[PDB]
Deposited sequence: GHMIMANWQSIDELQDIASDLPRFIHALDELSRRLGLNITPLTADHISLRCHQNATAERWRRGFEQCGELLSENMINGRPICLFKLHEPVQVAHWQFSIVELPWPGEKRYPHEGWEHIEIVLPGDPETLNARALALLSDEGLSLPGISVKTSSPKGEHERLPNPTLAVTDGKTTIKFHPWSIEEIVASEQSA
């Protein structure tokens, strides 16, 4: 018989983020359009959530443990960040995100509990990651108001472009590769 593997959209504990996805799809589509970023050729790595309540993080953890498996859990700035690999992906446009990042509440307070950013892997030399990512963004986009850009074992330089609430990041490695680098 076909394997019974709960899809993330079927889990009671994840109903809020399932309902929050359409909003995020629009957010990413719009941000990419303003930045003049061509999404089609870019390789998806993982999608990330943000919460401000510990209870919310715990609830989502219980939910992801019903539709995925833990890839890693690391202490980042005094709080845990879990990376889960799901049996079935979170569909975002043409992308199929199999890995979800679940960070506990940290220093910065994000008012919205739900989808917040995605990370793209740009193969090549880590030393030029920032420069290569910046080259993918149009001049008009970078100069647009409200839009900002910032920078952040294996060197994992991460270039992040944002509108204030929705963010797209680029880095040299995939999560599975980072996990492998430390075994």
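No alpha-carbon coordinates exist for the deposited sequence positions 153-159, 191-192, given here in order along the chain.
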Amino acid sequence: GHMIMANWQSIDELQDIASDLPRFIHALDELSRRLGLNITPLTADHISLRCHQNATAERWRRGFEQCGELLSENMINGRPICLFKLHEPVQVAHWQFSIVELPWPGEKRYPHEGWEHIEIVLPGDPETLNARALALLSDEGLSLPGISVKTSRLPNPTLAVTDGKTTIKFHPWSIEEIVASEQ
From here on, numbers count along this sequence of modelled residues.
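Look at the C-alpha B-factors of 94-102 and of 70-78. On average they run higher in 70-78. Stretches 6-14 and 157-165 differ in mean C-alpha B factor, with the higher average recorded for 157-165. Out of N130, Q53, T40, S48, the entry records its largest CA B-factor for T40. Among the modelled residues of its chain, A57 has a C-alpha B-factor that falls in the lowest third according to the deposited record.
In this PDB entry, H87 carries a Cα temperature factor that places it within the middle third of its chain's modelled residues. In the PDB entry, a CA B factor belonging to the middle third of its chain's modelled residues is recorded for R109. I118 sits in the lowest third of its chain by CA B factor, as recorded in the PDB entry.
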